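Let's start with one chain on its own, the form deposited in one PDB entry, as structure tokens.
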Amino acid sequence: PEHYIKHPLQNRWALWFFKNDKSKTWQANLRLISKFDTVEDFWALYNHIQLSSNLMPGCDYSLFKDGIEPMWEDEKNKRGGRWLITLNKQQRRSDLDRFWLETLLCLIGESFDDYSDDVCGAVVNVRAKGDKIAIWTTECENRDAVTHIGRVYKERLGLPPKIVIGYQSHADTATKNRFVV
């Protein structure tokens, strides 16, 4: 068995793509690429798509658990929020791709212990003004889950203790940090 079975992931995941088109609504610009639920199928997908740093400004990738759309309105995101990584323009070259892949691995490898169940997915925004990476979680009032996910994520990214990252609820973003680590 170990010689021919793929390695199943805890969760099936869906990769989404967003291309800004002023001709369409935001939701009409968001498309599902494909889904996977093994390590092998994850790396097959990741190895055939563009690195985030090579996307055009205005594009996103989103990696979300099967059944959760990468939008605030999903029942699993409307009460939640995001740990937000803000990148300056110089970090598109130095950090964006390595941070995104670490984020992807934090998700599929369930790296936040028993609070990995609060994780909905992650989004990378490629923007001329500054790129963003974020991990979305389901409930912004869950202090322990949100704090634990942020502390782990910060250290997995290897961010310096001299900086903080913040967590904002989607309700506030849709109209301030609820947590900082």
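The numbering used is simple: start at 1 and walk along the sequence shown.
If you look for the form deposited with a partner chain bound, you will not find it shown, but the lines that follow are about it.
*Asks:* I'd like to know if residue 39 sits close to its partner chain in the bound PDB entry, meaning any non-hydrogen atom pair within 4.5 angstroms.
*Replies:* Yes, residue 39 sits close enough to its partner chain in the bound PDB entry that at least one of its heavy atoms falls within 4.5 Å.
*Asks:* Can residue 84 be called a contact residue for its partner chain in the bound PDB entry at 4.5 Å between heavy atoms?
*Replies:* Residue 84 lies outside the contact set for its partner chain.
*Asks:* According to a 4.5 angstroms non-hydrogen atom cut-off, is residue 113 in contact with its partner chain in the bound PDB entry?
*Replies:* Judged by the heavy-atom cut-off of 4.5 Å, residue 113 is in contact with its partner chain in the bound PDB entry.
*Asks:* Just to confirm, residue 7 within 4.5 Å of its partner chain in the bound PDB entry by heavy atoms?
*Replies:* It does: once its partner chain is placed as it appears in the bound PDB entry, residue 7 has a heavy atom within 4.5 Å of it.
*Asks:* Can we say 88, 95 and 164 each have a non-hydrogen atom within 4.5 Å of its partner chain in the bound PDB entry?
*Replies:* The answer is no: none of the three residues contacts the partner (heavy atom, 4.5 Å cut-off).
*Asks:* Where does its partner chain sit in the bound PDB entry: which of 144 to 152, 122 to 130, 39 to 47, 66 to 74, heavy atoms within 4.5 Å?
*Replies:* Checking each option against the 4.5 Å cut-off leaves 39 to 47.
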